[PDB]
Every structure is written in structure tokens, then in C-alpha cells.
>>> print(open('work_31.pdb').read())   # PDB, C-alpha atoms (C1' of nucleotides)
ATOM      1  CA  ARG A 492    -101.657  62.185 -80.291  1.00  0.00           C
ATOM      2  CA  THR A 493    -104.706  61.939 -82.537  1.00  0.00           C
ATOM      3  CA  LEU A 494    -105.062  59.588 -85.507  1.00  0.00           C
ATOM      4  CA  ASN A 495    -106.731  59.866 -88.908  1.00  0.00           C
ATOM      5  CA  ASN A 496    -110.088  59.240 -87.175  1.00  0.00           C
ATOM      6  CA  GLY A 497    -110.092  61.537 -84.148  1.00  0.00           C
ATOM      7  CA  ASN A 498    -109.329  59.357 -81.139  1.00  0.00           C
ATOM      8  CA  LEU A 499    -106.531  59.637 -78.564  1.00  0.00           C
ATOM      9  CA  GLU A 500    -103.799  56.977 -78.664  1.00  0.00           C
ATOM     10  CA  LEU A 501    -102.022  56.618 -75.312  1.00  0.00           C
ATOM     11  CA  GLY A 502     -98.444  55.462 -74.753  1.00  0.00           C
ATOM     12  CA  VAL A 503     -95.655  55.519 -72.142  1.00  0.00           C
ATOM     13  CA  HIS A 504     -92.037  55.118 -73.248  1.00  0.00           C
ATOM     14  CA  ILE A 505     -89.382  53.742 -70.880  1.00  0.00           C
ATOM     15  CA  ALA A 506     -85.695  53.399 -71.741  1.00  0.00           C
ATOM     16  CA  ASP A 507     -84.715  49.864 -72.820  1.00  0.00           C
ATOM     17  CA  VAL A 508     -81.392  49.487 -71.035  1.00  0.00           C
ATOM     18  CA  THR A 509     -80.818  45.744 -71.479  1.00  0.00           C
ATOM     19  CA  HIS A 510     -78.172  45.726 -74.252  1.00  0.00           C
ATOM     20  CA  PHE A 511     -75.228  46.787 -72.087  1.00  0.00           C
ATOM     21  CA  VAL A 512     -75.901  44.354 -69.215  1.00  0.00           C
ATOM     22  CA  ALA A 513     -75.463  40.805 -70.557  1.00  0.00           C
ATOM     23  CA  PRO A 514     -76.404  37.835 -68.341  1.00  0.00           C
ATOM     24  CA  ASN A 515     -73.675  36.430 -66.068  1.00  0.00           C
ATOM     25  CA  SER A 516     -71.601  39.555 -66.815  1.00  0.00           C
ATOM     26  CA  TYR A 517     -69.610  41.666 -64.378  1.00  0.00           C
ATOM     27  CA  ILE A 518     -71.994  44.614 -64.664  1.00  0.00           C
ATOM     28  CA  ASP A 519     -74.832  42.172 -63.942  1.00  0.00           C
ATOM     29  CA  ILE A 520     -73.248  40.681 -60.811  1.00  0.00           C
ATOM     30  CA  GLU A 521     -72.443  44.268 -59.783  1.00  0.00           C
ATOM     31  CA  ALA A 522     -76.089  45.310 -60.182  1.00  0.00           C
ATOM     32  CA  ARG A 523     -77.196  42.103 -58.417  1.00  0.00           C
ATOM     33  CA  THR A 524     -75.085  43.235 -55.457  1.00  0.00           C
ATOM     34  CA  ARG A 525     -75.987  46.944 -55.326  1.00  0.00           C
ATOM     35  CA  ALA A 526     -79.716  46.238 -55.315  1.00  0.00           C
ATOM     36  CA  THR A 527     -80.920  49.843 -54.847  1.00  0.00           C
ATOM     37  CA  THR A 528     -79.486  53.243 -55.769  1.00  0.00           C
ATOM     38  CA  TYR A 529     -78.856  55.146 -52.553  1.00  0.00           C
ATOM     39  CA  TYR A 530     -79.567  58.883 -52.290  1.00  0.00           C
ATOM     40  CA  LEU A 531     -78.278  61.313 -49.686  1.00  0.00           C
ATOM     41  CA  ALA A 532     -79.208  64.932 -50.039  1.00  0.00           C
ATOM     42  CA  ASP A 533     -76.187  66.305 -51.701  1.00  0.00           C
ATOM     43  CA  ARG A 534     -75.390  63.796 -54.484  1.00  0.00           C
ATOM     44  CA  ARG A 535     -76.754  60.724 -56.247  1.00  0.00           C
ATOM     45  CA  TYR A 536     -74.955  57.359 -56.597  1.00  0.00           C
ATOM     46  CA  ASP A 537     -74.937  55.878 -60.126  1.00  0.00           C
ATOM     47  CA  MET A 538     -75.641  52.143 -60.313  1.00  0.00           C
ATOM     48  CA  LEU A 539     -73.526  52.053 -63.469  1.00  0.00           C
ATOM     49  CA  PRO A 540     -70.151  53.620 -64.210  1.00  0.00           C
ATOM     50  CA  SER A 541     -70.605  57.325 -64.385  1.00  0.00           C
ATOM     51  CA  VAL A 542     -70.690  57.953 -68.133  1.00  0.00           C
ATOM     52  CA  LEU A 543     -72.281  54.707 -69.409  1.00  0.00           C
ATOM     53  CA  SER A 544     -75.696  56.054 -68.397  1.00  0.00           C
ATOM     54  CA  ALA A 545     -74.839  59.694 -67.642  1.00  0.00           C
ATOM     55  CA  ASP A 546     -74.444  60.399 -71.205  1.00  0.00           C
ATOM     56  CA  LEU A 547     -75.559  57.309 -73.109  1.00  0.00           C
ATOM     57  CA  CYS A 548     -78.867  56.470 -71.390  1.00  0.00           C
ATOM     58  CA  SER A 549     -80.359  59.878 -70.553  1.00  0.00           C
ATOM     59  CA  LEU A 550     -82.897  61.497 -72.861  1.00  0.00           C
ATOM     60  CA  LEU A 551     -81.102  64.747 -73.687  1.00  0.00           C
ATOM     61  CA  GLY A 552     -80.355  66.811 -76.734  1.00  0.00           C
ATOM     62  CA  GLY A 553     -82.134  65.033 -79.546  1.00  0.00           C
ATOM     63  CA  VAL A 554     -79.751  62.201 -80.265  1.00  0.00           C
ATOM     64  CA  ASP A 555     -80.861  58.616 -80.877  1.00  0.00           C
ATOM     65  CA  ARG A 556     -81.651  56.435 -77.867  1.00  0.00           C
ATOM     66  CA  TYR A 557     -82.919  52.849 -77.694  1.00  0.00           C
ATOM     67  CA  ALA A 558     -86.191  52.589 -75.770  1.00  0.00           C
ATOM     68  CA  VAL A 559     -89.414  50.571 -75.345  1.00  0.00           C
ATOM     69  CA  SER A 560     -92.656  52.324 -76.242  1.00  0.00           C
ATOM     70  CA  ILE A 561     -95.825  50.644 -75.047  1.00  0.00           C
ATOM     71  CA  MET A 562     -98.698  51.925 -77.139  1.00  0.00           C
TER      72      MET A 562
ATOM     73  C1'   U B   1      59.132  69.700 -37.074  1.00  0.00           C
ATOM     74  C1'   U B   2      52.632  66.275 -35.337  1.00  0.00           C
ATOM     75  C1'   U B   3      52.667  59.591 -38.243  1.00  0.00           C
ATOM     76  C1'   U B   4      49.233  54.529 -38.028  1.00  0.00           C
ATOM     77  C1'   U B   5      44.365  52.088 -37.257  1.00  0.00           C
ATOM     78  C1'   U B   6      39.320  51.382 -35.346  1.00  0.00           C
ATOM     79  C1'   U B   7      33.227  46.113 -40.634  1.00  0.00           C
ATOM     80  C1'   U B   8      27.454  47.346 -41.610  1.00  0.00           C
ATOM     81  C1'   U B   9      20.791  49.785 -43.104  1.00  0.00           C
ATOM     82  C1'   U B  10      16.197  41.490 -39.581  1.00  0.00           C
ATOM     83  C1'   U B  11      16.429  36.403 -42.094  1.00  0.00           C
ATOM     84  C1'   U B  12      11.417  34.235 -44.127  1.00  0.00           C
ATOM     85  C1'   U B  13       6.789  33.325 -47.234  1.00  0.00           C
ATOM     86  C1'   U B  14       3.784  29.060 -52.770  1.00  0.00           C
ATOM     87  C1'   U B  15      -2.510  29.484 -45.589  1.00  0.00           C
ATOM     88  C1'   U B  16      -7.837  25.277 -45.068  1.00  0.00           C
ATOM     89  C1'   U B  17     -12.810  26.989 -43.402  1.00  0.00           C
ATOM     90  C1'   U B  18     -19.443  23.518 -45.440  1.00  0.00           C
ATOM     91  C1'   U B  19     -24.482  30.170 -42.824  1.00  0.00           C
ATOM     92  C1'   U B  20     -29.547  33.446 -43.044  1.00  0.00           C
ATOM     93  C1'   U B  21     -35.525  38.211 -41.008  1.00  0.00           C
ATOM     94  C1'   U B  22     -36.829  38.035 -35.757  1.00  0.00           C
ATOM     95  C1'   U B  23     -35.285  36.925 -30.657  1.00  0.00           C
ATOM     96  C1'   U B  24     -38.555  37.880 -24.245  1.00  0.00           C
ATOM     97  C1'   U B  25     -44.920  39.595 -20.426  1.00  0.00           C
ATOM     98  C1'   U B  26     -48.640  43.569 -17.606  1.00  0.00           C
ATOM     99  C1'   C B  27     -54.935  42.397 -14.791  1.00  0.00           C
ATOM    100  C1'   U B  28     -60.454  42.863 -14.125  1.00  0.00           C
ATOM    101  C1'   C B  29     -63.249  47.107 -16.569  1.00  0.00           C
ATOM    102  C1'   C B  30     -72.141  50.383 -14.806  1.00  0.00           C
ATOM    103  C1'   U B  31     -72.842  53.104 -22.661  1.00  0.00           C
ATOM    104  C1'   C B  32     -78.895  57.595 -18.620  1.00  0.00           C
ATOM    105  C1'   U B  33     -84.869  57.779 -20.183  1.00  0.00           C
ATOM    106  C1'   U B  34     -91.681  59.539 -25.637  1.00  0.00           C
ATOM    107  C1'   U B  35     -92.145  54.373 -27.699  1.00  0.00           C
ATOM    108  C1'   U B  36     -94.223  50.303 -30.134  1.00  0.00           C
ATOM    109  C1'   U B  37     -89.822  49.738 -33.758  1.00  0.00           C
ATOM    110  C1'   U B  38     -91.629  53.570 -38.898  1.00  0.00           C
ATOM    111  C1'   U B  39     -92.629  51.185 -43.728  1.00  0.00           C
ATOM    112  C1'   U B  40     -97.970  52.053 -49.580  1.00  0.00           C
ATOM    113  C1'   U B  41     -97.494  56.185 -52.804  1.00  0.00           C
ATOM    114  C1'   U B  42     -95.145  59.600 -56.789  1.00  0.00           C
ATOM    115  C1'   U B  43     -91.698  62.822 -58.909  1.00  0.00           C
ATOM    116  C1'   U B  44     -83.748  61.143 -59.424  1.00  0.00           C
TER     117        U B  44
END
>>> encode(input="work_31.pdb", output="C-alpha cells")
Amino acid sequence: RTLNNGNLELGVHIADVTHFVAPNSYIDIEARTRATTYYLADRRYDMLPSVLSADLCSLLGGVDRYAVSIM
RNA sequence: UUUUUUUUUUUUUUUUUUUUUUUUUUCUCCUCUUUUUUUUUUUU
């Protein structure tokens, strides 16, 4: 955007998913095992269960969503 | 005018017992060919 002066503030905003993976959890060991999401060209393969992020983490609609905005 | 006699459905009951899925074979065996092995990168 522009501020009350005229210059161009820059910022990139990445989703802050750290609140649903606690250390030494079961989701955390799971992620530690499945290091990388694998993709074959029909479907994806969710690292998480299939509604924890595929409604609650995706920026859709205009509902509230925890994030991290560097600025 | 035709009297009298020739037995019948085996007797018995008031005996103890401390095991256990199955069960027993078949041999050694020539994997064909552009490669070192590619790899950052970004959009899920």
C-alpha cells in the first residue's frame, strides 16, 4: 500500500501453522516421518489429516486465519 | 341211551475309572544394450 507520506510499504504474509503441531506430539512425529509432500499427477497428498488444513488453514472465503505478516 | 381226567406268561440288580490343537519330505535354477547416474529455480 501507500502511507500518509507517499511511499510503498512492502510485506509478504505466510500462514502461521504452529499452534496445532505441539512439540513431541503425534502430529509432530508424523510430520518428522513424512518429510515431504508427494505429488503424482492426479491427486495431492496432505501432510495433515484432510480437514485440519483443507478447511482450517487455507485462505478462502473471508474468515479469520492466524498468519505471520512480515512488513 | 355217549361218563371221568390231562399245572403255567426267566430268577436278579444298591458298578470304580485321575485327558487335550497338530501328527510325516521333493533338487540345482543365464533378468538383452544411449549413458555418466539427473538434481538450482518458481508457481500445490
>>> resolve_selection(input="work_31.pdb", expression="the PyMOL selection byres ((chain A) within 12 of (chain B))", output="compact mmCIF listing (two decimals) with C-alpha atoms, keeping the file's coordinate frame")
# COMPACT_ATOMS: atom_id res chain seq x y z
CA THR A 528 -79.49 53.24 -55.77
CA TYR A 529 -78.86 55.15 -52.55
CA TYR A 530 -79.57 58.88 -52.29
CA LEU A 531 -78.28 61.31 -49.69
CA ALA A 532 -79.21 64.93 -50.04
CA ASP A 533 -76.19 66.31 -51.70
CA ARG A 534 -75.39 63.80 -54.48
CA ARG A 535 -76.75 60.72 -56.25
CA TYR A 536 -74.96 57.36 -56.60
CA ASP A 537 -74.94 55.88 -60.13
CA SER A 549 -80.36 59.88 -70.55
>>> axis_aligned_box(input="work_31.pdb", around="segment 41-44 of chain B", padding_each_side="8 Å", output="JSON")
{"center_x": -90.6, "center_y": 59.5, "center_z": -56.1, "size_x": 29.7, "size_y": 22.6, "size_z": 22.6}
>>> atom_distance(input="work_31.pdb", atom1="atom CA of residue 492 of chain A", atom2="atom CA of residue 558 of chain A")
18.8 Å
>>> residues_around(input="work_31.pdb", residues="residue 523 of chain A", least_positions_apart="5", cutoff="12 Å", atoms="all atoms listed in the file", output="VMD selection string")
chain A and resid 512 514 to 518 528 538 to 539
>>> closest_residue(input="work_31.pdb", among="A:507, A:521, A:513, A:545", to="residue 557 of chain A", atoms="all atoms listed in the file")
A:507
>>> atom_distance(input="work_31.pdb", atom1="atom CA of residue 509 of chain A", atom2="atom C1' of residue 42 of chain B")
24.8 Å
>>> atom_distance(input="work_31.pdb", atom1="atom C1' of residue 40 of chain B", atom2="atom CA of residue 508 of chain A")
27.2 Å
>>> resolve_selection(input="work_31.pdb", expression="the PyMOL selection byres ((chain A and resi 503) around 9)", output="tab-separated table (two decimals) with C-alpha atoms, keeping the file's coordinate frame")
chain	number	residue	atom	x	y	z
A	501	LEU	CA	-102.02	56.62	-75.31
A	502	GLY	CA	-98.44	55.46	-74.75
A	504	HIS	CA	-92.04	55.12	-73.25
A	505	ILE	CA	-89.38	53.74	-70.88
A	559	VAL	CA	-89.41	50.57	-75.34
A	560	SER	CA	-92.66	52.32	-76.24
A	561	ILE	CA	-95.82	50.64	-75.05
A	562	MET	CA	-98.70	51.92	-77.14
